[PDB]
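Letters A, B, C, D, E, F, G, H and I name the chains as they come in the text, with residue numbers starting at 1 for each one.
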C-alpha cells in the first residue's frame, strides 16, 4: 500500500533505521498510540480551528512528560506543520507494519478456543518462518469460541494468507456430499 | 425414483475417500462494496484476473491489484456482501467449467444452470478471456452455414467461421433471424450457442421454449442474462458464451454463437465503467468499447487443419436507433464483423418479413461460402434484384410500362415473394436452390402475388413426395446438375398442372 | 382434424400418464425418506469416524 | 437493532455512520428519529444507496431533510421498505412508504412485503402468449394487449385518458376476477385529486363500503424529494405483485407516467454524484428500468399487466429515456386528439396504435385478417379525405364510394359506450367480447350491412346492437 | 418427454435424500465433537492440522 | 432543480371547503432560449405546470399582440375554468380557429377556392383580429363574451 | 453556509452563532402595496410593516385530500 | 505501428532503398494510445482522447519522411468514427499527410466503388508544375463540374430535375456521367462482384475525362460509364445497352 | 495521495525540523512523465524561469505550487 498515512510512517522508520534506534523509536511510537487514543487529546491536535502556535506549546509539554525520542518528537512536529495531523492514527498504525518489514519479523496470528502452550507455537512460529521466508516470526494469539478444537494461523504481507483446520473440515464435508 | 434406501450408502460415500488437504489459501477483508465493484484489503498473492470468492458465494474477478488493496469486479449483485467479511483467493484465473453436459441446458453468466434441472458436470475449464487464434492458426472460410432463410443463404451468404452482423432497429425480426439459423442446424454437427444479454426474461423464456418444442435444444446452450440482472453479469455473459463455444471449436466441432444484442453489452460496460468514474468518450461510451467487442468477436475463427478445422460462426445482433448506422456502437461492430445483415424497419412494417434489406447487406466471404448449386442458381437471383431496385425506381414516373420494363418489374415482385418466409420454418438447401430457380426463370410470372407463397409450398411438398431424386443430387453432388435441373422441371410441370385445378 | 384431435387426446393421455407417474414417484420418495432410518442414524455416525483424525 | 448517527446532510442525500460490526446492506430502509418545528418527534425514512466504506452508508431521504441534524439517531430497520399489501390496500391512496395519505386512518394490515425483490425466476415464468381481453373494440381488434406484457399510452389530457384508464380498471374486475393498482409516479397533486374523485364518481373506488373497491392507488407527488419518486414505481409494483402471488389474480398495474420514474432516478443518481451517462441520464438507466419491468410478468399463478403512460422528450423516440422504455413495451396505444374532436370515445388512434401481439401465429388467422383489413380500409379513407373534398363522393369510383362508406361505419363501430361514463352521458356501457368484436367487423367489411345508416354504429357495443339501433332509427324516422 | 420428467425427478429426489441425510450425520458429528476430548482429542486434531499445514508448505 | 421548482409550484392550488376554498394561482414565467422548449429548465417547469401559454416573437413582430401562439399553448384544466357563458362562445371560436390553422397554406391561394373554404379563411382572419389587444387594456368578461 | 449578503466583512476565525430558527418571514394584511425584498423587509422606503404572524418559507404544500377540483 | 515503422526506416537508412509502408489502421494506433492514457491517469483532452494526441501522432508520423539516403512512401488507412472528420483522431492526422483520400459513405450506398468523395479528397501534387498543364486543367474542370452539381442538389432534392435551367441541366447530366466514370472495378474486388478489375493508366484516365467534359459522349447513357476501366470500355459498354432490346 | 511526500522529503524534513532553511537554490526531481517534471525545492524560482536539469534540458517553471514546481 502507498497512501499518505503509509508514506509518512515509512519515513519515520527509515530515519530510525539509519540511526539504530529502531527498538528505541518503536517504543516511543507505541507510547504515542496510547496518547492519541483519547477522543479529547486527538481532537485538540486534529481540528483546524485551534491555533497552531498553541498546539506546539502543548505538544512540547506532552513530549517532555512522555520522554519521546529526538526524531519522534520532530516527526510529530513535522506532521503538525504540514497539516497531516488529521491522519495521525492511520500513520501510527502503518508504522508497525513497516517496522516488521525492516527487521524481517513477521506477525502471525493464531486462533483457538483453548489457550495453547509455547511448544505448539514454537513449531508454528518456526513453521510460518520457513513458509514465510522470514528472518524472525512474532506470534499473535486470540481466543475464539466459535471454531471447534483446531485453529487458523494468518500471515503474509497483510493478514491475507490463512491456513486453518477446525470448523473448515465440517464445512468441507458439507460441500463434499452435495457434489 | 427410489432415493431413500440408498442414501445410507450414498451419504457414507460422500464421507468416504475424502482427502481434506490443507494448503495455504489467500484471503482478504472487504473494505467497501459499491457500484458493482468491491475493494478488498489483503490478498497479497492474487493474480490479475483471478477469481476471488466472497463469503456469500458471490464470485468476483480481481482486476485492480493496487498497492494496498485489490479492486474486484463483483460478478453479481453485491447486495449481501457485507463490509468486513472475508474473501478467498481461489487460484483459478477467470474460468468457466465447460463440458459436453452443457448442451441443452439454459445457463447463467457464471455458467450455473438457471433452468432448474440440477447440476452440470464438467471435467475441464476454459478461461473466460483467452487469446484469439493467431494469424497462422486460421484458414479461409469455405464451408456454408445455411441459415434456412432464403435472402441470407442466396445473397448475403454466411460461411462457417465468419462473423456476420445482424443489425437493425428494435422489433425488426433480428431475434427471429438469429433463432431461425439455430433451428436450421439440426442435421449438421454444429453446436449453436445463444447468448441473451440484457433481454426480457419473458422473451428469453419463449426462445428457450421454442427450441425445446422444435427439438433444437439437443445442440444448443442458452447463456441467458436478462434485463434485471446486474451490469457486471451482462458485461461478462458473452465471454462466457464464447468460452463454451470454443470448447467445441478446438475439439473439431463447428459452432455458432449468437450474441443478442451486443448493444446491451456495450451499455452494461458503459454502466460499469461510468460507475467506476472512468473518463467517458463519445456517446459516454468509454475508450475500451471497441476493445470490448473486438476481444469477443476475434475469437470466432475458422481454424486451420493443423488445429482440426474447428470454427465459430458469430452472429452478433446490434440495435440501431432510427436506422442510424453511423452510431458509435454499430460503427464499431461493422468495422469488426466481416459483413452485416440489415433488417430495415420500413420493410418490416410493410409485411415483408424477413425484413432483409438486400441492397444494404454485405457478406465479405460471399460466395466461397455457397455450395455449387447455390452459386449457379443464385447468380441469376442476385442480378434480378439489382434490376428491380432500379425498375421500381421511376416506375410511376414513366408510368406506361412497356413490356421490357413491365415484365422485368412483374418478375421482380414475384422475386420478392420468394424471399418472404414464415418465422421459424427454415428451408433445406435443396428447397432454397429449387425455390430460387423457379422464380428466376419466370415460372411464377403467371401466378397472382397472393398465390406465389401458397404455390411454392405445394411444389416443395410435391418434390419431397414424388421426386426424391432431386434431393439426392443436390445433397451429394452439391452442384446444380443438368439431370437435376430437368428432374425439377417435370415436377414443376406436373405440380403446375395440379395447382390449376 | 380427426387425426389431429385424436393426437391431442393422446397428448392428454400422455400427460395423465406422466402426471400420475410423478405423483407415484413422490409417494415412493416419501416412503424412502421414512424408510432406511438406520442409514440416517448410522449414516450420521458415518462421517464422525472419518471426519477427524 | 442497529443505531447510527447522521454524519452529514447534503440536500436530500444523507450519510449515516454505523458502528463497525452492525451495518446495513444496500436498499435497506433507515428511519431517522428527527424532530419537528414545534419540537415533537417526526421521523424521516431513507434508503441506503451506497456503502461508502469506513462503516458509512449514503442514504437518500424519502421525505424532506429540512431540520435533520448531524448526529441524530438513525434506526436501521434491517429490510427494504415494507409496504402494506392485501385486501386492505384497495381504495386507499398510499405514500411511497405505505402510509395512507387519503385521510381514512391506518391500513389495518398485518401483511407487508419489501419492495426490492428479485424478478420471478426463469423456471417460474409462463410462456403461453395470451391476449389480454380488455373489452374495448379498438384495443381488442387493432392493438391487442399481452396478458403479462407492457402497454404504452401516448396520450395527453382532454383525450379521455383517465376514462380509458378507469374502463380498464373496471373491466378487469368484472370480466376477470382481478384488481388493478394505479401508481402515480411524480403525479401533480391537482391531477391526483381529480383522478381520485373521478374514481369515486365512477364507482371504481367504493367510498361507502371500501375494500370492495377495485384499485389500490399509490401516489408519489412532484413535491416529494427525488428519492421518493423513484420508489413509487416499486411500491405500486409490490402491491400489485401481492395480488399475483397470493390472491392469484390478473392484475393491471398502471404507472403514470413511466417517464417520470426514469427522470427521478436520474436526479437521485446526480444527487449521489454519479457521472452522468449519454444525454445526461443515469449510468444505471438500463438496469433500473429493467429492475422494474421484469417484475411485471406472468407467472404460473397469475399475471400483472402494466399499462404505463409514456412521455417522449423533445418528440424524440431515440432519446435514451424513450428508447430504454420502448424495448420493454409490447403494445402501444395512441390516444388521438383528432378523434376526441370528432367525438369518438375512446379516442384510441387505430392507425398509430401498434402491437407486437397482432401476429397471425399469436392471435389466430381470422383475427389477423380482419384487423389488417380494417387498418387498410381505415387507411384508404384517410388518404381519400383530401380527394373527396375535391371530387365529392359521387365522383369517386364505385369501389371508393364503398371503402369510404365502410370506413365511416368502421370508425363509428370502434367508438363504444363505457361503464364509467354512465354518470356523465347516461347511456349504459357495454363490455364487448373479443369474438363479438371480430364478428362485428366481418359484417361491415363483407358488405352485408351496407344498407344501415352510419348513426346506428355509433356508441353501440355489440354488432347486433348496431342493427337493433338501426331498426329503431328506421321506426322512429317513419313515425 | 414426460418420461424424461420422471428421469429428472428420480434424480432430484435422490439428491435431496442424500443431502438431508448427510446434513443429519453432520449434526450428529458436531454434537459428538462438542463432547469429544477437549484438550486430549482437540489437541490431537490441532497437532494433526498443524502437521498437514507443514506438509502443504513443504510441497 | 426539478425538486426545487416542484416544491414551490406544488404549494399553490385550490383548497377544499373544509379549509375555506382559498386558492392560489401561480403564473410562473420561464424564458426559453432561442425557442428551445426542450432545455433543462423549461422541460422541468412544463411538466410541473398544468397549462402553458407559448409566446412567440415571430407572431409578435407579425402584429398579433399579445403573441400567444394558441396552437401550442395548452391548458389542462380547460373548460372547467371558463364560466358557463364563456364556454358556449369559446367553443365555436376554438373550432373556427382550428380550421384557420389548417388553412394558412391556402391563404395565398384564396381566390382559387370555393365559398365554404373561402369563407373559413375570411372568417378566420377576422377571428384573429379579435384576439389582438393593446398593452394593459384588459377586457372584462362581458367584453370578451 | 450560503450568505444572505456579501461576505466581505467576515474575517477568518470569527465565530458564527446558529440562531435556532429556520427562515421565517413576518406576514400580515399590511403588506398590500409594499415592495419588499426576499426577507420581507420593505425596500420602497416607506417604513416598517405591522406584522404579528410568522410564516415559514419552506412550508409543505396542501395534500391530496385537502384540495378541490378547479372550477372558478 | 512503431515496430513496423522501425523496420521500414531501417531499410531506407541501411539498405538505402525505397520503401512502401502500408498501415491499417492508424486510427487504431491513436485509439490504443487513448485507452492506455485513461489507465495512466492523464486527464482526457477532448472526447476521451489522450492529452498528448498531437505529440503521439506526430512522433509516429515524423519518422516516416523520405531522406536523401532513401524514401518511405506510406499509404495509411485512417478510420473516421461515426463518419465524423471533425473527430480529434481524424482531424489531427490531416496535417501530416501529403494527400488525403476521403472515402464517402453516400457513394458506397449508391454503390460507386471506390467510394472516394472527389471533392473532399485533396492532394499536394495537384499543381501544374508537378502534373503538367494538361492533367491540371482537366482535374480542375472535373472538380468545377462536380462542385457545381453539389450546389444544385439542394434544389433538385425538392423540385427535381425539371426546374433546372439548360446550363444547369447540362452540367448535371455531365456531372452524373463524370461521377460514374470515376467508379472502377478492382482486381481485389473480383471475389465480390465477379467482374474483372481494370488497371487504368494515368494517360487513359486523362483522355477519358476530357471526352466527357467535351461532350463528344453526351449521347451515351449514364450506365455505360458505370464500372468500366477506360473510356473505350464505356463506349463498348454503351453499345451493348443500346443494342440489347 | 499528493506529490512532494516521497519519504526522502519527509525524512529530510524531520531531520531539519528544528531549523530555518531556504532551498531556493536547487530543486530535486520528484516525478517525470511525458514532457513534464514535478520539481521539489526551488523556492527562489520565478514563474516562467528557465530551470536546467542535470542531463541538460531546459524546462520552464509554470506551476509554482506550494509543495512542488510544475
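General remarks:
The definition used in the following text is that contacts are C-beta pairs under 8 Å (C-beta built on N, C-alpha and C of every residue); 3 or more make two chains touch, one makes a residue touch a chain.
Between chain F and chain H, the least number of touching-chain steps is 3. Between chain D and chain I, the centres computed from C-alpha atoms are 65 Å apart. Between chain A and chain G, the centres computed from C-alpha atoms are 56 Å apart.
For the pair chain A and chain I, the distance between mean C-alpha positions equals 33 Å. Centre-to-centre separation of chain A and chain F, using mean CA positions: 74 Å. Along chain G, residues 58, 61-62, 65, 67-70 each make contact with two or more other chains. For chain C, the set of residues touching two or more other chains reads 25-26, 29, 32-33, 39-40, 43, 46-47, 51-52. Under the contact rule stated at the top, the pairs of chains that touch are A-B, A-C, A-E, A-I, B-C, B-D, B-E, B-H, C-E, D-F, D-G, F-G, H-I. Across the interface of their complex, chain F is touched by residues 12, 156-158, 188-191, 221-223, 225-226, 260, 263, 267, 311, 313-314, 341 of chain D. Here chain A touches chain B in the complex through residues 1-3, 6, 131, 154, 156-165, 169, 172-173, 176-177, 179, going by the rule given at the top. Every residue of chain B that touches chain D in the complex is listed here, in rising order: 31-35, 39, 78-84, 106, 114-116, 170-171, 198, 200-202, 204-206, 208-209, 224, 226-228, 230-231, 264, 267-268, 270-271, 274-275, 277, 280, 283-285, 321-322, 324, 423.
Within the complex formed with chain C, the chain A residues making contact are 169-170, 173. Across the interface of their complex, chain F is touched by residues 58-59, 61-62, 65-72 of chain G.
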